[PDB]
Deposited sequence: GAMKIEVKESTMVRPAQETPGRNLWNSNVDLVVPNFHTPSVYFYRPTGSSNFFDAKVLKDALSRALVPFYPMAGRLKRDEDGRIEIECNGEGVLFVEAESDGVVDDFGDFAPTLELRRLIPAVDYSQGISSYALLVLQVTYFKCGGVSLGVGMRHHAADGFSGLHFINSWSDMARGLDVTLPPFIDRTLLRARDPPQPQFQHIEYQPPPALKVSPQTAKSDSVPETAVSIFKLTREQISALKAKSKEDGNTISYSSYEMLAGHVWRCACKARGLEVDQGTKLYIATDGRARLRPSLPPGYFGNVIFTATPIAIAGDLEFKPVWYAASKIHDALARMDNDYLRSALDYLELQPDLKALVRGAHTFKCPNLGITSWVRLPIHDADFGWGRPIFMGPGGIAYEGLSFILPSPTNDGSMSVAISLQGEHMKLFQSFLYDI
């Protein structure tokens, strides 16, 4: 499957935008230090002007007027901190053709095959030399299309990126942007002086020991059945589908990995601070408001207790994540010497430990540019074992799908355990 670049533009805002030097909070600086990749796939509609680039490019340029930081570049500040120069240099838009078709990607498992579909960024020339956001519309043999997104997280978290993608697709449909972005990260400034309240386990090195990527579809009644297992072993505290699913995945990975009985295991969970901070942040707050919950347990108890035990540990971790907790996080990070030296990585999620993020409440299928919603949206290829995502169905079937990253040997097992509901 060959893929060729036909056009490549650096698209800037459709009119002048405020030059601004835009500060980052600690949580805007503890980021995945590359481009976080997403993919969308779209079926042909028969339409003769299906995913027209002139239309897309014009709308992106317009979208970039309210979301101007997105055209910016990283710059180092005087104390030497990463900020965002809003200089309006623009967003990279690539038009590419493939000799193959959309279904050659199958169930759309986030193998690093998908990486071909997001533009590849060269980091070798310094922070200021690459776009904060890169985009590729790929056109296939039988009229299929894909849109690849690489967004540098110093700009915004997934919540905000989605807000930008959707806005853009609304401008491509002559619709007015319903939610203006609010642009000022100092709402997440640390207290003066910083005075943390908790250890902040999330930022500690995890427990130590003593690649294949698959997607798994779970039906609404399967999920429903799982929720019921909350009622097993005489427990009244009832847990959400999310809690029962995430802890089902956790036990399963653990079990599949044949971890020692006494082996400690820590689960990372992305958390949107938006709903929980006080005073709560303006609607349309542009940037990162993602914190981390990290339950720990013993591989044995996760394995030998009912699924609700695992779910309980998750519930507890997320419960604790209130304003006072989040405020302290920001403080704790202020005291740390090297923030860059404190980000996730292959090392983090290497067996025994795990990460689970859910997209189920995010508008991942809202990206319609005038030719219908995606048939699939998902992560643009996982790098290394330990990661999984929970994905909401694009269909009306109420199902959910688990993409996960394990070792070749463990996977075969993990599938086997997962459907043992």
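Asker: Compare the deposited sequence with the modelled residues and state the ranges that are missing C-alpha positions.
Answerer: Absent from the structure are positions 1-2, 213-225.
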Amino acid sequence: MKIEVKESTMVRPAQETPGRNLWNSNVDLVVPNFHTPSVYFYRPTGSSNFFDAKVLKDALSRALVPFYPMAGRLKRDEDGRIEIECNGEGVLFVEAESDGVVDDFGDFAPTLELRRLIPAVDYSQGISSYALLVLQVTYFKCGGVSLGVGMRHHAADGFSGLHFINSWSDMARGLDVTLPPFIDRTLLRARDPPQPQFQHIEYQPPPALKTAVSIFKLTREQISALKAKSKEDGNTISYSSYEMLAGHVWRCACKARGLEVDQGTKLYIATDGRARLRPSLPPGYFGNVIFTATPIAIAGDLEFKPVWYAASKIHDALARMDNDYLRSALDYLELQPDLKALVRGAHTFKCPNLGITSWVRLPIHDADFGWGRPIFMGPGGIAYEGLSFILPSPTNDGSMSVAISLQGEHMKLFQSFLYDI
From here on, numbers count along this sequence of modelled residues.
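Asker: Tell me which stretch, 295-303 or 137-145, has the higher mean Cα B-factor listed in the entry.
Answerer: For C-alpha atoms only, the mean B-factor is higher in 295-303.
Asker: Of the two stretches 341-349 and 78-86, which shows the higher Cα B-factor on average in the entry?
Answerer: So the stretch with the higher mean C-alpha B-factor is 341-349.
Asker: Tell me, please, which of 72, 282, 196, 106 has the highest C-alpha B factor according to the deposited entry?
Answerer: Checking the PDB record, the top C-alpha B-factor among 72, 282, 196, 106 is at 196.
Asker: Which of these, 255, 116, 173, 217, has its C-alpha atom at the highest B-factor, as the entry lists it?
Answerer: Answer, based on the entry's C-alpha B-factors: 255.
Asker: For the chain shown, is the CA B-factor of residue 58 in the lowest, middle or highest third of its modelled residues?
Answerer: According to the entry, residue 58 has a C-alpha B-factor in the chain's middle third.
Asker: Ordered by C-alpha B-factor within the chain, which third holds residue 36? Give me lowest, middle or highest, please.
Answerer: Within its chain, residue 36 is a highest-third residue by C-alpha B-factor, going by the deposited values.
Asker: How does the C-alpha B factor of residue 385 compare with the rest of the chain: lowest, middle or highest third?
Answerer: It falls in the top third of the chain.
Asker: Would the CA B-factor of residue 261 place it in the lowest, middle or highest third of its chain?
Answerer: For residue 261, the deposited C-alpha B-factor lands in the highest third.
Asker: Comparing against every modelled residue in the chain, figure out the third that the C-alpha B-factor of residue 407 lands in (lowest, middle or highest).
Answerer: Tercile = highest for this residue's CA B-factor.
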